[PDB]
file data.csv (CSV, N, CA and C atoms and all ligand atoms)
chain,number,residue,atom,x,y,z
V,1,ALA,N,-7.7,9.8,5.3
V,1,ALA,CA,-6.4,9.3,5.9
V,1,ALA,C,-6.5,7.7,5.9
V,2,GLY,N,-7.2,7.2,6.9
V,2,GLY,CA,-7.3,5.7,7.1
V,2,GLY,C,-7.0,5.3,8.5
V,3,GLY,N,-5.9,5.7,9.1
V,3,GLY,CA,-5.5,5.4,10.5
V,3,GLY,C,-4.0,5.4,10.6
V,4,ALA,N,-3.5,4.9,11.7
V,4,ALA,CA,-2.0,4.8,12.0
V,4,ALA,C,-1.3,3.8,11.1
V,5,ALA,N,-0.8,4.3,10.0
V,5,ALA,CA,-0.1,3.5,8.9
V,5,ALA,C,1.4,3.5,9.1
V,6,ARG,N,2.0,2.3,9.0
V,6,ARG,CA,3.4,2.0,9.1
V,6,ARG,C,3.7,0.6,8.6
V,7,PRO,N,5.0,0.2,8.2
V,7,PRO,CA,5.3,-1.2,7.9
V,7,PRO,C,4.9,-2.3,8.9
V,8,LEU,N,3.6,-2.7,8.9
V,8,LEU,CA,3.1,-3.8,9.8
V,8,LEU,C,2.2,-4.7,8.9
V,9,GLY,N,2.5,-6.0,8.7
V,9,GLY,CA,1.7,-6.9,7.8
V,9,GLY,C,2.1,-6.8,6.3
V,10,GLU,N,2.6,-5.6,5.9
V,10,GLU,CA,2.9,-5.3,4.5
V,10,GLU,C,4.2,-5.9,4.1
V,11,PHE,N,4.2,-6.7,3.0
V,11,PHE,CA,5.4,-7.1,2.3
V,11,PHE,C,5.5,-6.3,1.0
V,12,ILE,N,6.6,-5.6,0.9
V,12,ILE,CA,6.9,-4.8,-0.3
V,12,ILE,C,8.0,-5.6,-1.1
V,13,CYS,N,7.7,-6.2,-2.2
V,13,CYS,CA,8.6,-6.9,-3.1
V,13,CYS,C,9.6,-5.9,-3.8
V,14,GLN,N,10.8,-6.4,-4.2
V,14,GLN,CA,11.8,-5.6,-4.9
V,14,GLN,C,11.5,-5.7,-6.4
V,15,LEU,N,11.3,-7.0,-6.9
V,15,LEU,CA,11.2,-7.3,-8.3
V,15,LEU,C,9.7,-7.0,-8.8
V,16,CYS,N,8.7,-7.7,-8.2
V,16,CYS,CA,7.3,-7.6,-8.7
V,16,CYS,C,6.7,-6.3,-8.1
V,17,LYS,N,7.3,-5.8,-7.0
V,17,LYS,CA,7.0,-4.5,-6.3
V,17,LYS,C,5.5,-4.4,-5.7
V,18,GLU,N,4.8,-5.6,-5.7
V,18,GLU,CA,3.5,-5.7,-5.0
V,18,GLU,C,3.6,-5.4,-3.5
V,19,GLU,N,2.7,-4.7,-3.0
V,19,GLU,CA,2.6,-4.3,-1.6
V,19,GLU,C,1.2,-4.4,-1.0
V,20,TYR,N,1.1,-5.2,0.0
V,20,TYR,CA,-0.2,-5.5,0.7
V,20,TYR,C,-0.1,-5.5,2.2
V,21,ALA,N,-0.9,-4.6,2.8
V,21,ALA,CA,-1.0,-4.6,4.3
V,21,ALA,C,-2.1,-5.6,4.8
V,22,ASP,N,-3.0,-6.0,3.9
V,22,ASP,CA,-4.1,-6.9,4.1
V,22,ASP,C,-3.5,-8.4,4.1
V,23,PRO,N,-3.6,-9.1,5.3
V,23,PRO,CA,-2.9,-10.4,5.5
V,23,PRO,C,-3.5,-11.5,4.5
V,24,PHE,N,-4.8,-11.3,4.1
V,24,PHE,CA,-5.5,-12.2,3.2
V,24,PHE,C,-4.8,-12.1,1.8
V,25,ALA,N,-4.4,-10.8,1.4
V,25,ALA,CA,-3.8,-10.5,0.1
V,25,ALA,C,-2.3,-11.0,0.1
V,26,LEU,N,-1.7,-11.3,1.2
V,26,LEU,CA,-0.3,-11.9,1.3
V,26,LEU,C,-0.5,-13.4,1.0
V,27,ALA,N,-1.6,-14.0,1.5
V,27,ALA,CA,-1.9,-15.4,1.3
V,27,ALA,C,-2.3,-15.6,-0.2
V,28,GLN,N,-2.8,-14.5,-0.8
V,28,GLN,CA,-3.2,-14.5,-2.3
V,28,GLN,C,-2.2,-13.8,-3.2
V,29,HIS,N,-1.1,-13.3,-2.5
V,29,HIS,CA,0.0,-12.6,-3.2
V,29,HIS,C,0.6,-13.5,-4.4
V,30,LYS,N,0.4,-13.0,-5.6
V,30,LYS,CA,0.9,-13.7,-6.8
V,30,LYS,C,1.9,-12.8,-7.5
V,31,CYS,N,3.2,-13.1,-7.4
V,31,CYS,CA,4.3,-12.3,-8.0
V,31,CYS,C,4.3,-12.4,-9.5
V,32,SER,N,4.0,-11.3,-10.2
V,32,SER,CA,4.0,-11.2,-11.7
V,32,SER,C,3.3,-9.8,-12.0
V,33,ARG,N,4.2,-8.8,-12.2
V,33,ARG,CA,3.7,-7.4,-12.5
V,33,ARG,C,4.4,-6.9,-13.8
V,34,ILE,N,3.6,-6.7,-14.8
V,34,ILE,CA,4.0,-5.9,-16.0
V,34,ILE,C,4.0,-4.4,-15.5
V,35,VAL,N,5.2,-4.0,-15.1
V,35,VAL,CA,5.5,-2.6,-14.6
V,35,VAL,C,6.4,-1.9,-15.6
V,36,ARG,N,5.8,-1.4,-16.7
V,36,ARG,CA,6.5,-0.8,-17.8
V,36,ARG,C,6.9,0.6,-17.4
V,37,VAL,N,6.0,1.5,-17.2
V,37,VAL,CA,6.2,2.9,-16.8
V,37,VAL,C,4.9,3.4,-16.0
V,38,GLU,N,5.0,3.2,-14.7
V,38,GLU,CA,3.9,3.6,-13.8
V,38,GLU,C,4.6,4.1,-12.4
V,39,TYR,N,4.2,5.4,-12.1
V,39,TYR,CA,4.7,6.1,-10.9
V,39,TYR,C,3.5,6.5,-9.9
V,40,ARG,N,3.5,5.9,-8.8
V,40,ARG,CA,2.5,6.3,-7.7
V,40,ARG,C,3.0,7.5,-6.9
V,41,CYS,N,2.2,8.5,-6.7
V,41,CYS,CA,2.5,9.6,-5.8
V,41,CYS,C,1.8,9.4,-4.4
V,42,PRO,N,2.5,9.6,-3.3
V,42,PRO,CA,2.0,9.2,-1.9
V,42,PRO,C,0.6,9.8,-1.6
V,43,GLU,N,0.4,11.1,-1.8
V,43,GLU,CA,-0.8,11.8,-1.5
V,43,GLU,C,-1.8,11.7,-2.7
V,44,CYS,N,-1.2,11.8,-3.9
V,44,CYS,CA,-2.0,11.7,-5.1
V,44,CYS,C,-1.9,10.3,-5.7
V,45,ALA,N,-2.4,9.3,-4.8
V,45,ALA,CA,-2.2,7.9,-5.0
V,45,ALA,C,-2.6,7.4,-6.4
V,46,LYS,N,-3.3,8.2,-7.2
V,46,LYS,CA,-3.6,7.9,-8.6
V,46,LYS,C,-2.2,7.8,-9.4
V,47,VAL,N,-2.0,6.7,-10.1
V,47,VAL,CA,-0.7,6.4,-10.8
V,47,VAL,C,-0.6,7.1,-12.1
V,48,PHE,N,0.6,7.6,-12.4
V,48,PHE,CA,1.0,8.3,-13.7
V,48,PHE,C,1.7,7.3,-14.6
V,49,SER,N,1.2,7.1,-15.8
V,49,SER,CA,1.8,6.2,-16.8
V,49,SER,C,2.9,6.9,-17.7
V,50,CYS,N,3.3,8.1,-17.3
V,50,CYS,CA,4.3,8.9,-18.0
V,50,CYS,C,5.4,9.4,-17.0
V,51,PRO,N,6.7,9.5,-17.3
V,51,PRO,CA,7.7,10.0,-16.5
V,51,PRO,C,7.9,11.6,-16.6
V,52,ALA,N,7.5,12.2,-17.7
V,52,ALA,CA,7.8,13.6,-18.0
V,52,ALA,C,6.8,14.5,-17.2
V,53,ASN,N,5.5,14.1,-17.3
V,53,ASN,CA,4.4,14.8,-16.5
V,53,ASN,C,4.6,14.6,-15.0
V,54,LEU,N,5.2,13.5,-14.7
V,54,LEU,CA,5.5,13.1,-13.3
V,54,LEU,C,6.6,14.1,-12.7
V,55,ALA,N,7.6,14.4,-13.6
V,55,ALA,CA,8.7,15.4,-13.2
V,55,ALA,C,8.1,16.8,-13.0
V,56,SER,N,7.2,17.2,-13.9
V,56,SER,CA,6.5,18.5,-13.8
V,56,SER,C,5.5,18.5,-12.5
V,57,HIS,N,5.0,17.3,-12.2
V,57,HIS,CA,4.2,17.0,-11.0
V,57,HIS,C,5.0,17.2,-9.7
V,58,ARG,N,6.3,16.8,-9.7
V,58,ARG,CA,7.2,17.0,-8.6
V,58,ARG,C,7.5,18.5,-8.4
V,59,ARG,N,7.6,19.2,-9.6
V,59,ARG,CA,7.7,20.7,-9.6
V,59,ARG,C,6.5,21.4,-8.9
V,60,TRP,N,5.3,20.8,-9.1
V,60,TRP,CA,4.1,21.2,-8.4
V,60,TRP,C,4.2,21.0,-6.8
V,61,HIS,N,5.0,19.9,-6.4
V,61,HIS,CA,5.3,19.7,-5.0
V,61,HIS,C,6.5,20.5,-4.5
V,62,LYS,N,7.2,21.2,-5.4
V,62,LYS,CA,8.4,22.0,-5.0
V,62,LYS,C,7.9,23.4,-4.5
V,63,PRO,N,8.4,23.9,-3.3
V,63,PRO,CA,8.1,25.3,-2.8
V,63,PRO,C,9.0,26.3,-3.5
V,64,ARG,N,8.9,27.6,-3.1
V,64,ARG,CA,9.6,28.7,-3.8
V,64,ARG,C,10.9,29.1,-3.0
N,1,ZN,ZN,5.5,-10.1,-5.0
N,2,ZN,ZN,1.6,14.3,-6.2
call {"tool": "encode", "arguments": {"input": "data.csv", "output": "structure tokens", "more": "lines below"}}
Ligand SMILES: [Zn+2]
Ligand SMILES: [Zn+2]
result
Amino acid sequence: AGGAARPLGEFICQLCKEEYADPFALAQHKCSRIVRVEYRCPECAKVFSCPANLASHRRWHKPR
């Protein structure tokens, strides 16, 4: 898990989409992200480089 997580210290950019809860990483925050096709899943934090398998992966999160 990690602990009691919520929007505290974290800046989430709209354009570069970089997100850091670590205050040191906001001081080192460098806006410039080549974000072609990458989708992070909340629980399965490993990023998917494809949209189609991601859609089938959401079907895996869908109940009956
Ligand atoms: Zn940024
Ligand atoms: Zn997932």
call {"tool": "residues_near_ligand", "arguments": {"input": "data.csv", "ligand": "ligand ZN 1 (chain N)", "cutoff": "9 Å", "atoms": "only C-alpha atoms and all ligand atoms", "output": "PyMOL selection string"}}
result
chain V and resi 11-19+26+29-33
call {"tool": "write_last_selection", "arguments": {"input": "data.csv", "atoms": "N, CA and C atoms", "output": "CSV table (one decimal), in the frame of the given file"}}
result
chain,number,residue,atom,x,y,z
V,11,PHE,N,4.2,-6.7,3.0
V,11,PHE,CA,5.4,-7.1,2.3
V,11,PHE,C,5.5,-6.3,1.0
V,12,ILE,N,6.6,-5.6,0.9
V,12,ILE,CA,6.9,-4.8,-0.3
V,12,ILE,C,8.0,-5.6,-1.1
V,13,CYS,N,7.7,-6.2,-2.2
V,13,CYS,CA,8.6,-6.9,-3.1
V,13,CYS,C,9.6,-5.9,-3.8
V,14,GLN,N,10.8,-6.4,-4.2
V,14,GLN,CA,11.8,-5.6,-4.9
V,14,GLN,C,11.5,-5.7,-6.4
V,15,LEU,N,11.3,-7.0,-6.9
V,15,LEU,CA,11.2,-7.3,-8.3
V,15,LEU,C,9.7,-7.0,-8.8
V,16,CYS,N,8.7,-7.7,-8.2
V,16,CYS,CA,7.3,-7.6,-8.7
V,16,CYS,C,6.7,-6.3,-8.1
V,17,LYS,N,7.3,-5.8,-7.0
V,17,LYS,CA,7.0,-4.5,-6.3
V,17,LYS,C,5.5,-4.4,-5.7
V,18,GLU,N,4.8,-5.6,-5.7
V,18,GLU,CA,3.5,-5.7,-5.0
V,18,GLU,C,3.6,-5.4,-3.5
V,19,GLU,N,2.7,-4.7,-3.0
V,19,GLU,CA,2.6,-4.3,-1.6
V,19,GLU,C,1.2,-4.4,-1.0
V,26,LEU,N,-1.7,-11.3,1.2
V,26,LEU,CA,-0.3,-11.9,1.3
V,26,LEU,C,-0.5,-13.4,1.0
V,29,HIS,N,-1.1,-13.3,-2.5
V,29,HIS,CA,0.0,-12.6,-3.2
V,29,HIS,C,0.6,-13.5,-4.4
V,30,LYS,N,0.4,-13.0,-5.6
V,30,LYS,CA,0.9,-13.7,-6.8
V,30,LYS,C,1.9,-12.8,-7.5
V,31,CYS,N,3.2,-13.1,-7.4
V,31,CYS,CA,4.3,-12.3,-8.0
V,31,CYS,C,4.3,-12.4,-9.5
V,32,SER,N,4.0,-11.3,-10.2
V,32,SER,CA,4.0,-11.2,-11.7
V,32,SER,C,3.3,-9.8,-12.0
V,33,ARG,N,4.2,-8.8,-12.2
V,33,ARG,CA,3.7,-7.4,-12.5
V,33,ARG,C,4.4,-6.9,-13.8
call {"tool": "atom_distance", "arguments": {"input": "data.csv", "atom1": "atom CA of residue 46 of chain V", "atom2": "atom CA of residue 64 of chain V"}}
result
25.1 Å
call {"tool": "residues_around", "arguments": {"input": "data.csv", "residues": "residue 10 of chain V", "least_positions_apart": "5", "cutoff": "6 Å", "atoms": "all atoms listed in the file", "output": "list in words"}}
result
residues 19, 20, 21 and 22 of chain V
call {"tool": "closest_residue", "arguments": {"input": "data.csv", "among": "V:54, V:1, V:44, V:27", "to": "ligand ZN 2 (chain N)", "atoms": "only C-alpha atoms and all ligand atoms"}}
result
V:44
call {"tool": "atom_distance", "arguments": {"input": "data.csv", "atom1": "atom ZN of ligand ZN 2 (chain N)", "atom2": "atom CA of residue 58 of chain V"}}
result
6.7 Å
call {"tool": "select_by_dssp", "arguments": {"input": "data.csv", "residues": "chain V", "states": "strand (DSSP E)", "output": "PyMOL selection string"}}
result
chain V and resi 11-12+19-20
call {"tool": "residues_near_ligand", "arguments": {"input": "data.csv", "ligand": "ligand ZN 2 (chain N)", "cutoff": "6 Å", "atoms": "only N, CA and C atoms and all ligand atoms", "output": "ChimeraX atom specification"}}
result
/V:41-44,57
call {"tool": "select_by_dssp", "arguments": {"input": "data.csv", "residues": "segment 20-64 of chain V", "states": "helix (DSSP H, G or I)", "output": "list in words"}}
result
residues 23, 24, 25, 26, 27, 52, 53, 54, 55, 56, 57, 58, 59, 60 and 61 of chain V
call {"tool": "atom_distance", "arguments": {"input": "data.csv", "atom1": "atom CA of residue 36 of chain V", "atom2": "atom CA of residue 6 of chain V"}}
result
27.2 Å
call {"tool": "closest_residue", "arguments": {"input": "data.csv", "among": "V:63, V:25, V:37, V:7", "to": "residue 51 of chain V", "atoms": "only C-alpha atoms"}}
result
V:37
